[PDB]
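Only one chain is given next, in structure tokens, and it is the form deposited in one PDB entry.
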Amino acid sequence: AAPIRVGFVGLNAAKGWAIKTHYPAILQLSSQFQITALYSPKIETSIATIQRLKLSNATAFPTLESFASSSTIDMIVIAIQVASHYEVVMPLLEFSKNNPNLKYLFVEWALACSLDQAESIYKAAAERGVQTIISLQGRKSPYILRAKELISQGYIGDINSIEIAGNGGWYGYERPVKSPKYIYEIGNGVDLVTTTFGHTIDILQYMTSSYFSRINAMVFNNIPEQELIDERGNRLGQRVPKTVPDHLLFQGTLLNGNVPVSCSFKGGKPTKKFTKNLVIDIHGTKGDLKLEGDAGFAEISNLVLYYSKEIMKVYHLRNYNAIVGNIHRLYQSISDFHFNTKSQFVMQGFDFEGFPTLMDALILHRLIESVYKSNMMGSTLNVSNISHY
């Protein structure tokens, strides 16, 4: 064999996000991925991490340059806060030239804090000439892929209309004291529109094999002050600012077939009492097709899939762990592409094969900028060329 060596920036073996998605996944693929490097701001944390989980081949690097430069890395994975994506990726991309073996750059969604930073990063990566990857795992949910198979095989006929509803999670009336104030402040690349909506609206475009045409959005901050609550759920009688949106009304048209799409994303709690919190309701000429969850987060949720002299079918994987599962699949697809199981390439687009690159992430960003731009200007925007230039 020949396991792809992984260099990890952001693997904290106690906190963060990667420890609960990437790590478990890499484990279950021990012959194809093995963690080699591990940079962190404080090198102490790297060693502590390498020790907690008995990473046999992990080597705690001291600086960014020593880490990005080593030849023991085949794929680099950036899993830190989005706010730090630009500061870290840009230099790292440069230092990595001293490594002839680098074959894969892997970054978590969102890619940056703004269209601009996004454009910069893509360029910096494209010119370096490495295969890029974006953690849009939505594209790997078994449910998302089935829905895609069905729709592309004319199983529901042509699409007539579409409704969507999601939940951002954190942006309701209350905030727990333990939650970092950075996910509630503007400009940090994490929020209801960029993160939650971004993921979902990408799966949609990916399921239906169509980018958007015209769109119009309205972005709300009707909870400027959240009420602090403890663990039990009680209030400490203290309000803290949120400058980040707590509701999104999106609305537009798929380029293919001028298909109406209606969207509503709820900030957070309370949850919906009489409707699933995540819903993708696709309506066709020969049938319907609908995905439900209780999370609001498609990318890491276990869904149910319904799809209609009529024959209705429901499809559900009982006890399927989507938090690890979808990520796992993404890795599995990287491995498949590497050992040539089933050419370096620029973007996945609507293809089944391969995986979402940074180019896909970029286009997603162009759509997101449009959603905000549309809200500000208060006008429907033609967005057809977003996926070119």
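One rule holds for the numbers: they count along the sequence shown, beginning at 1.
Chemist: How big is the unmodelled gap, if any, between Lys42 and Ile43 relative to the deposited sequence? Choose none, 1 to 3, 4 to 9, or 10 or more.
Modeler: Missing residues, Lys42 to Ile43: none.
Chemist: If the chain runs straight from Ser71 to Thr72, say none; otherwise bin the unmodelled deposited residues as 1 to 3, 4 to 9, or 10 or more.
Modeler: The entry has no gap there; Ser71 and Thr72 are joined directly.
Chemist: Averaging CA B factors per stretch from the PDB record, which one is higher: 274-282 or 124-132?
Modeler: It is 124-132 that shows the higher mean C-alpha B-factor.
Chemist: Averaging CA B factors per stretch from the PDB record, which one is higher: 160-168 or 91-99?
Modeler: For C-alpha atoms only, the mean B-factor is higher in 91-99.
Chemist: Among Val314, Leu115, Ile78, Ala83, single out the one with the highest C-alpha B factor in the record, please.
Modeler: Highest C-alpha B-factor among the listed residues goes to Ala83.
Chemist: For the CA B factor values reported in this entry, which option in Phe350, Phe61, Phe33, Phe355 has the top one?
Modeler: Highest CA B-factor of the listed options: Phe61.
Chemist: Going by the entry, which third of its chain does the Cα temperature factor of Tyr23 land in?
Modeler: Tercile = middle for this residue's CA B-factor.
Chemist: Grab the CA temperature factor for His328 from the record and place it in the lowest, middle or highest third of its chain.
Modeler: Ranked within chain, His328 CA B lands in the lowest tercile.
Chemist: Sorting by Cα B-factor within the chain, modelled residues only, which third would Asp230 end up in: lowest, middle or highest?
Modeler: It falls in the top third of the chain.
Chemist: Please rank the C-alpha B-factors of the chain's modelled residues and tell me whether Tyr307 sits in the lowest, middle or highest third.
Modeler: Middle third, going by the recorded CA B-factors of the chain.
Chemist: What third of its chain, lowest, middle or highest, does the C-alpha temperature factor of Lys373 fall into?
Modeler: Lowest third - that is where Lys373 ends up once the chain's C-alpha B-factors are sorted.
What comes next is about the form solved in complex with a small molecule, which does not appear here.
Chemist: Let me know the one among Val193, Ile80, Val130, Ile223 whose heavy atoms come within 4.5 Å of the small molecule in the entry with it bound, would you?
Modeler: Looking at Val193, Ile80, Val130, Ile223 one by one, just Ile80 meets the 4.5 Å heavy-atom criterion.
Chemist: Considering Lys242, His85, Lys290, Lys140, which brings a non-hydrogen atom within 4.5 Å of the small molecule in the entry with it bound?
Modeler: Looking at the other structure, the residue within range turns out to be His85.
Chemist: Does at least one non-hydrogen atom of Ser370 fall within 4.5 angstroms of the small molecule in the entry with it bound?
Modeler: Although the small molecule is absent here, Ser370 would stay clear of it in the entry with it bound, with no heavy atoms inside 4.5 Å.
Chemist: Contact with the small molecule in the entry with it bound for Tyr104, defined as at least one heavy atom pair within 4.5 Å: yes or no?
Modeler: No, no contact at 4.5 Å.
Chemist: Using a 4.5 angstroms cut-off on non-hydrogen atoms, would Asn12 count as touching the small molecule in the entry with it bound?
Modeler: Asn12 belongs to the contact set for the small molecule.
Chemist: With the partner left out of view, is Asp74 within 4.5 angstroms of the small molecule in the entry with it bound by any non-hydrogen atom?
Modeler: Contact with the small molecule, no.
Chemist: The small molecule isn't shown here, but in the entry with it bound, which of 120-128, 104-112, 243-251, 200-208 has heavy atoms within 4.5 Å of it?
Modeler: Partner-contacting stretch among the options: 104-112.
Chemist: When you measure heavy atoms, are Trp17, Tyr39 and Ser135 every one within 4.5 angstroms of the small molecule in the entry with it bound?
Modeler: Yes, because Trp17, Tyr39 and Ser135 each have a heavy atom that approaches the small molecule to within 4.5 Å in the entry with it bound.
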